[PDB]
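Notes follow the structure.
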Amino acid sequence: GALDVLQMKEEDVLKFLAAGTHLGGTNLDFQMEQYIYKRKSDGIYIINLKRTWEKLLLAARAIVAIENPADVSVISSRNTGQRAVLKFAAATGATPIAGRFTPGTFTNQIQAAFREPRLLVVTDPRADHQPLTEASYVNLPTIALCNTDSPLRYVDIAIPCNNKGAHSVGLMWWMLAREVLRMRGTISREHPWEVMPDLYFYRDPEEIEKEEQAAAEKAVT
Amino acid sequence: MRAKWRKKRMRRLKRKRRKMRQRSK
Amino acid sequence: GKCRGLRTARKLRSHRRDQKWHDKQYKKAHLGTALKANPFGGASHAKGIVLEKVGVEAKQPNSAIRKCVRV
Amino acid sequence: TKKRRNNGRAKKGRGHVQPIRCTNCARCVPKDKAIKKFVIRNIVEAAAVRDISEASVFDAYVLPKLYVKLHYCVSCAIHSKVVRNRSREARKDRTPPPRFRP
Amino acid sequence: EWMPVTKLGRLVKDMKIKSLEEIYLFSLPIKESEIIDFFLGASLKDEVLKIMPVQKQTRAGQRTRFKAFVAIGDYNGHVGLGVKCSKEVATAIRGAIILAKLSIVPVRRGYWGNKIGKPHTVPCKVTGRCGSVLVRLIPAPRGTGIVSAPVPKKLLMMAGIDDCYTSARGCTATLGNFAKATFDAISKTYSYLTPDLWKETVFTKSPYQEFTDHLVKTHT
Amino acid sequence: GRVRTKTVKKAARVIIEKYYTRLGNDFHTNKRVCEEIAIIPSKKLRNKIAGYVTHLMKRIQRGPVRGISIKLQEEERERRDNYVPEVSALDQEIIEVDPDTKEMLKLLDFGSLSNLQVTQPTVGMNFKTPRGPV
Amino acid sequence: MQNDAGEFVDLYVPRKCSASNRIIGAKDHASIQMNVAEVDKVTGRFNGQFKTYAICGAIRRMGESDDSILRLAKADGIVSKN
Amino acid sequence: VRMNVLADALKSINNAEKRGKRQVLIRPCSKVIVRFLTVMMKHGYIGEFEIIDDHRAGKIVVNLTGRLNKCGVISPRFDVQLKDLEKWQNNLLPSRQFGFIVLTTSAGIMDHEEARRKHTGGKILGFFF
RNA sequence: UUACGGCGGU
RNA sequence: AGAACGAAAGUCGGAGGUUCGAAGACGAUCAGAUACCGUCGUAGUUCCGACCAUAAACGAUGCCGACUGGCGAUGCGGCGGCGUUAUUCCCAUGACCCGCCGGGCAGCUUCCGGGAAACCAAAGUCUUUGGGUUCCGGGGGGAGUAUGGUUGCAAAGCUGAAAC
Ligand SMILES: [Mg+2]
Ligand SMILES: [Zn+2]
């Protein structure tokens with residue numbers, strides 16, 4: 001976004017830095033020399049956030065350019081990313097696939113699990129590669145929010161943020177869910193969007209109900 | 001028959017005729 | 001690799017005249033020993049007298065006696 | 001067909017290695033084809049540990065280990081079954097088997 | 001009676017996609033055979049190439065399947081090639097037409113020189129390899145005819161092409177490969193950039209986004 | 001010899017998916033329900049299906065089994081949709097960075113726009129776990 | 001393709017990749033044609049029109065489609081200007 | 001040991017145009033290969049290329065457009081007469097619509113079509129299409 | 001530890 | 001053309017002669033054992049000098065040159081940097097650590113492309129065929145045989161057909 005309206009909005013740096021999103025892990029693929037800033041003394045590559053902001057806007061410009069909103073298929077295989085992928089579909093009205101992706105979904109036209117989408121967006125290239133190589137057969141442009149680890153074979157608008165921790169993935173679904181509605185007549189750029197980024201994050205292990213009812217002895221009782 | 005032992009029973013044979021020509025000069 | 005330059009036509013033409021001696025149908029037609037050896041002597045037909053009828057036996061899959069002479 | 005990329009042997013920039021001899025059958029193999037096995041077997045045979053330490057003249061005696069390197073021809077490495085035939089795609093790894101001591 | 005399952009076959013029975021040559025240029029994966037039967041119906045003759053009895057060794061006897069080779073096509077720039085194993089000839093030879101029309105390409109026709117009228121030969125000399133056979137289709141002057149072996153001449157006359165010099169290297173008695181080798185050469189006449197295709201292509205609107213109406217308004 | 005076939009397991013899953021409101025952990029009650037609600041051709045696979053149902057009764061009262069029945073499908077809305085917490089996991093206003101990535105956001109022109117205290121990084125550079133088996 | 005009569009004698013004009021300038025074939029089923037929708041200046045919403053880019057499958061499989069689509073958004077007035 | 005410098009340069013262009021690259025680096029420069037490249041730039045195959053002047057033999061950086069199919073070389077510089085040229089055209093050109101066998105004449109490094117608009121048969125130097 | 005053979009054409 | 005070097009065995013002569021060990025002797029095992037298995041053991045294996053010039057002498061891939069993906073590692077130099085460890089209580093060089101560059105033995109990946117495929121970052125840049133140059137292949141056998149020549153002390157080596 002080459003504008004002043006679509007600029008960085010310094011508030012988001014207080015959300016990006018509080019959720020990871022700029023920490024590549026160990027090594028960087030050769031097609032991500034340009035998205036990086038430098039390597040730490042920790043060995044971790046840290047990421048130019050100006051480069052990951054200009055990509056995060058660019059991906060929604062294709063998704064807005066998809067006419068039917070329930071036509072981009074949004075997919076996620078790893079669990080850290082399975083809660084956020086559903087809600088995003090519930091936000092922008094898309095169609096989600098979470099869990100196992102049955103091969104033959106995009107190309108075997110007989111069975112009733114046959115999705116025919118015009119664009120696809122991925123949580124992880126290297127762990128969720130089966131829709132990617134199947135998108136190669138049915139000429140389908142793909143986005144994948146990617147880390148320095150991941151290869152970029154069939155992806156096109158690879159978001160160079162992070163795909164590893166729980167907080168980084170749900171925020172990048174949140175920042176992308178926010179920004180695709182904000183290119184339409186739903187959010188007027190002024191009032192901040194009331195849906196909390198903690199909504200999209202990966203769910204805790206089984207002490208979920210126990211902690212909240214241990215702190216609700218004055219609202220139910 | 002092995003190729004190295006087809007070789008032995010002709011190297012043994014072309015010294016047997018190298019003497020017969022030598023005998024009957 | 002082979003030769004290519006605007007001066008090697010002695011090498012290529014000399015390399016071809018001695019490698020043509022390695023297929024049979026040039027070698028039996030230009031060495032001379034193959035026609036000083038066939039019974040026809042380089043002709044199509046030949047008269048000759050019959051010495052003895054002989055009956056040769058056909059190949060293994062089959063089984064018959066093919067009728068022959070000893071001209 | 002060439003079966004393996006290296007020829008079963010770890011020589012690359014050489015022409016000749018030392019020949020060593022097999023342990024059980026005493027066969028001449030090169031040093032880098034032969035199947036090696038370094039054995040750190042305890043010499044006390046652990047079933048008889050609480051039978052000698054109560055006959056020992058000590059109260060805490062660290063028993064010596066036995067340090068034997070085996071190295072086999074592959075003719076006796078398969079027959080003694082220290083190596084097993086592998087499938088053509090599970091074969092392209094040099095990683096050793098896991099240990100599983102306790 | 002034919003109801004479709006894909007978008008590209010859904011947008012054809014209501015007669016909204018016209019004249020196939022755009023679903024070539026957006027490179028759609030054609031899935032049903034009825035789309036190509038819809039546009040090019042009453043212009044397809046479908047003659048076979050060879051039916052060869054391949055077979056495997058089993059525990060008692062031999063499974064014998066049949067390998068039917070049929071090539072399809074008009075006389076105006078479309079060919080197919082169908083190959084299918086099945087247990088019996090008459091169902092192998094049947095379903096291979098379904099495979100032959102479903103894999104259909106446009107061949108590009110050009111000139112030997114003096115571009116006076118309709119194109120008659122390949123635009124340039126082109127090659128196709130499949131296994132060990134390479135077939136080199138060479139632009140012929142007008143009034144030559146197809147100078148080739150019998151079976152690639154079965155596809156050239158079925159390509160609507162007038163005349164083509166031809167050479168071929170390899171085991172040309174391998175009719176399954178010698179037909180796929182000649183199919184690959186005329187499958188890349190539009191995959192070769194000539195100086196009439198230099199100017200930057202204006203990109204028209206694809207039928208999956210130009211016809212979002214009929215999937216939103218009528219289908220849903 | 002106990003192990004149950006595919007048609008007993010398949011047809012019992014379509015009961016508990018569809019008639020969970022009527023079933024319980026008694027064999028002799030569910031044996032009567034599956035008689036009434038399915039068409040079972042003979043008596044042996046009637047009470048062989050009904051045994052796997054009650055085995056699925058104690059199984060689904062613990063957790064999320066392959067159980068797309070409505071109550072197990074509705075309660076996960078209280079997990080993924082709810083817990084929008086009253087406090088943020090994003091907003092703490094005292095967050096750490098490093099002196100190389102305080103250079104990063106300064107060319108982003110956000111160096112004096114933020115609070116953003118730094119932590120000095122270790123100079124050890126020990127990253128890269130040791131090579132080889134030991 | 002403009003014979004000497006001056007007529008278009010051609011089934012179709014195939015697309016060409018905006019990255020590698022080579023022709024997308026009739027059955028190159030990895031060639032994408034996707035849209036990038038620009039916004040108006042003052043408010044940043046979708047104004048109705050968009051811009052198309054075709055990326056052929058041979059340059060897509062090679063793995064620098066993202067280097068491609070950024071480079072032609074860099075040249076065509078969208079991403080960053082720095 | 002570089003026996004031909006036009007052969008090495010034009011091998012180097014051919015590998016990167018099929019690789020998808022926008023620029024090449026041609027390590028020796030010559031006055032035969034800057035007159036070779038401004039026969040295909042003029043017919044419209046490559047774009048702006050720069051000569052990098054050094055005091056030893058210079059370098060060349062060529063901006064590839066994508067309109068190139070193959071830019072080989074005929075490595076023995078055979079002699080071709082204008083009687084003999086027509087059987088050179090149908091061997092190593094894909095068509096009679098396009099492509100050029102570029103050959104050095106006494107009047108300069110030309111096309112094949114420039115060679116017969118003049119009457120200037122020469123030595124064949126390479127081909128490109 | 002010892003364990004060798006099985007006519008020809010279909 | 002012409003040269004130098006060339007494993008092992010082999011030859012001639014001289015020292016040596018532990019081990020092993022062709023031949024051989026015997027034990028066994030076997031229908032037979034001139035074999036495997038065991039005991040013994042000559043030539044030999046070791047050194048010196050003179051010969052012989054072949055090996056699955058293999059990466060079954062000639063040499064030189066260029067271009068064409070990535071990644072981790074190694075080896076030898078060179079350069080550049082947080083720190084840690086050495087008389088060092090301060091040094092300069094070591095030792096580890098993080099990179100870069102060059103040459104090297106390799107490896108993992110990859111629809112670069114190739115290929116009859118196995119597979120190869122070369123066996124790629126080849127019907128869109130031409131970077132230089134040497135050797136060598138033309139169905140299977142007969143046959144590396146015959147014979148002429150030549151090298152050797154011999155064994156044999158190089159050269160090397162044809163009828164069929
Ligand atoms: Mg032998
Ligand atoms: Zn052994």
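Residue numbers start at 1 in each chain; chains themselves are named A, B, ... in the order of the structure tokens; ligands are numbered from 1 in the order shown.
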
Q.
Give me the residues near region 8-12 of chain A as an MDAnalysis selection string, where near means some atom within 10 Å (using only C-alpha atoms (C1' of nucleotides)) and where sequence neighbours in that chain fewer than 4 positions away do not count.
A. (chainID A and resid 1 4 16:18 49:50 53:54 175) or (chainID F and resid 108:110 113:114)

Selection to disk with N, CA, C and O atoms, as an mmCIF file, in the first residue's frame:
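Saved the output as again24.cif:
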```
data_model
loop_
_atom_site.group_PDB
_atom_site.id
_atom_site.type_symbol
_atom_site.label_atom_id
_atom_site.label_comp_id
_atom_site.auth_asym_id
_atom_site.auth_seq_id
_atom_site.Cartn_x
_atom_site.Cartn_y
_atom_site.Cartn_z
ATOM 1 N N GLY A 1 0.807 -1.202 0.000
ATOM 2 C CA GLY A 1 0.000 0.000 0.000
ATOM 3 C C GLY A 1 0.841 1.253 0.000
ATOM 4 O O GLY A 1 1.456 1.595 1.004
ATOM 5 N N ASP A 4 -0.838 6.931 2.397
ATOM 6 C CA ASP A 4 -0.700 7.302 3.794
ATOM 7 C C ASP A 4 -1.789 6.691 4.659
ATOM 8 O O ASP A 4 -1.593 6.540 5.868
ATOM 9 N N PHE A 16 2.559 -6.696 17.048
ATOM 10 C CA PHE A 16 3.514 -7.586 16.400
ATOM 11 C C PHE A 16 4.627 -8.001 17.345
ATOM 12 O O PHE A 16 4.962 -9.186 17.433
ATOM 13 N N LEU A 17 5.190 -7.055 18.083
ATOM 14 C CA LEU A 17 6.320 -7.389 18.933
ATOM 15 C C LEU A 17 5.897 -8.156 20.173
ATOM 16 O O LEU A 17 6.721 -8.864 20.760
ATOM 17 N N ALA A 18 4.624 -8.086 20.548
ATOM 18 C CA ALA A 18 4.130 -8.793 21.719
ATOM 19 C C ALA A 18 3.638 -10.193 21.389
ATOM 20 O O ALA A 18 3.113 -10.878 22.268
ATOM 21 N N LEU A 49 9.837 -5.776 9.311
ATOM 22 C CA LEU A 49 8.387 -5.669 9.403
ATOM 23 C C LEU A 49 7.792 -4.775 8.336
ATOM 24 O O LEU A 49 6.590 -4.866 8.080
ATOM 25 N N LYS A 50 8.584 -3.887 7.744
ATOM 26 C CA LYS A 50 8.086 -3.131 6.608
ATOM 27 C C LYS A 50 7.822 -4.060 5.429
ATOM 28 O O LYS A 50 6.839 -3.884 4.699
ATOM 29 N N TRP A 53 4.643 -6.059 6.189
ATOM 30 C CA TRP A 53 3.412 -5.295 6.134
ATOM 31 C C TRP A 53 2.984 -5.057 4.698
ATOM 32 O O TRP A 53 1.789 -5.076 4.390
ATOM 33 N N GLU A 54 3.950 -4.841 3.809
ATOM 34 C CA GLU A 54 3.624 -4.598 2.411
ATOM 35 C C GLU A 54 3.108 -5.865 1.738
ATOM 36 O O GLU A 54 2.394 -5.783 0.734
ATOM 37 N N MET A 175 -4.720 -9.958 11.694
ATOM 38 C CA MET A 175 -4.339 -8.778 10.932
ATOM 39 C C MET A 175 -4.783 -8.897 9.485
ATOM 40 O O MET A 175 -5.053 -7.886 8.834
ATOM 41 N N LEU F 108 12.356 2.192 10.477
ATOM 42 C CA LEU F 108 10.907 2.198 10.330
ATOM 43 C C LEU F 108 10.288 3.469 10.916
ATOM 44 O O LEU F 108 9.060 3.608 10.916
ATOM 45 N N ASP F 109 11.135 4.367 11.444
ATOM 46 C CA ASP F 109 10.788 5.693 11.967
ATOM 47 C C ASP F 109 9.874 5.576 13.188
ATOM 48 O O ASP F 109 9.060 6.455 13.468
ATOM 49 N N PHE F 110 10.038 4.493 13.950
ATOM 50 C CA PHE F 110 9.258 4.261 15.159
ATOM 51 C C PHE F 110 10.138 4.195 16.402
ATOM 52 O O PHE F 110 9.741 3.593 17.404
ATOM 53 N N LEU F 113 8.684 6.823 18.803
ATOM 54 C CA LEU F 113 7.242 6.674 18.881
ATOM 55 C C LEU F 113 6.801 5.637 19.904
ATOM 56 O O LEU F 113 5.599 5.511 20.152
ATOM 57 N N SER F 114 7.727 4.895 20.502
ATOM 58 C CA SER F 114 7.380 3.753 21.326
ATOM 59 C C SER F 114 8.176 3.791 22.617
ATOM 60 O O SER F 114 9.164 4.518 22.735
#
```

Q. Using only C-alpha atoms (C1' of nucleotides), which residues sit within 12 Å of region 71-87 of chain D once same-chain residues fewer than 4 positions away are excluded, as JSON, numbers by chain?
A. {"D": [3, 8, 9, 19, 20, 21, 22, 23, 24, 25, 26, 27, 28, 29, 30, 31, 32, 33, 34, 35, 36, 37, 38, 39, 91, 92, 93, 94, 96, 97]}

Find the residues near ligand 1. Use a cut-off of 7 Å, count only C-alpha atoms (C1' of nucleotides) and all ligand atoms, and write them as a CSV table (one decimal) with N, CA and C atoms, in the first residue's frame.
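So the final result, stored in out-v4.csv, reads:
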```
chain,number,residue,atom,x,y,z
B,2,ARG,N,33.7,-70.3,-17.2
B,2,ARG,CA,34.1,-69.0,-16.9
B,2,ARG,C,35.0,-68.4,-17.9
B,4,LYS,N,37.6,-66.5,-17.6
B,4,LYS,CA,39.0,-66.7,-17.3
B,4,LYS,C,39.5,-68.1,-17.4
B,5,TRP,N,38.6,-69.1,-17.4
B,5,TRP,CA,39.0,-70.5,-17.6
B,5,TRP,C,38.6,-71.0,-18.9
```

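Here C1' of residue 52 (chain J) and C1' of residue 159 (chain J) stand 18.5 Å from one another.
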
Assign secondary structure with DSSP using the backbone only, and return the residues of chain B in alpha helix (DSSP H) as a PDB file with C-alpha atoms, in the first residue's frame.
```pdb
ATOM      1  CA  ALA B   3      35.764 -66.506 -19.180  1.00  0.00           C
ATOM      2  CA  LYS B   4      39.010 -66.684 -17.251  1.00  0.00           C
ATOM      3  CA  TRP B   5      38.957 -70.470 -17.566  1.00  0.00           C
ATOM      4  CA  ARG B   6      38.032 -70.454 -21.174  1.00  0.00           C
ATOM      5  CA  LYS B   7      41.258 -68.413 -21.333  1.00  0.00           C
ATOM      6  CA  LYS B   8      43.253 -71.048 -19.477  1.00  0.00           C
ATOM      7  CA  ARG B   9      42.258 -73.961 -21.670  1.00  0.00           C
ATOM      8  CA  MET B  10      43.314 -72.058 -24.816  1.00  0.00           C
ATOM      9  CA  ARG B  11      46.537 -70.577 -23.456  1.00  0.00           C
ATOM     10  CA  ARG B  17      50.451 -76.169 -31.093  1.00  0.00           C
ATOM     11  CA  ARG B  18      53.340 -73.742 -30.715  1.00  0.00           C
ATOM     12  CA  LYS B  19      55.429 -76.896 -30.167  1.00  0.00           C
ATOM     13  CA  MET B  20      53.831 -78.997 -32.906  1.00  0.00           C
ATOM     14  CA  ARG B  21      54.723 -76.379 -35.494  1.00  0.00           C
ATOM     15  CA  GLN B  22      58.125 -76.224 -33.797  1.00  0.00           C
ATOM     16  CA  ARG B  23      58.486 -80.021 -33.905  1.00  0.00           C
TER      17      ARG B  23
END
```

**Q.** Exercise: residue 219 (chain E) partners within 12 Å, only C-alpha atoms (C1' of nucleotides), chain neighbours under 4 positions left out, as a ChimeraX atom specification
**A.** /E:5-7,10-11,14,211-215

**Q.** Straight-line distance linking CA of residue 71 (chain A) with CA of residue 83 (chain A), stated in Å to one decimal
**A.** 19.8 Å
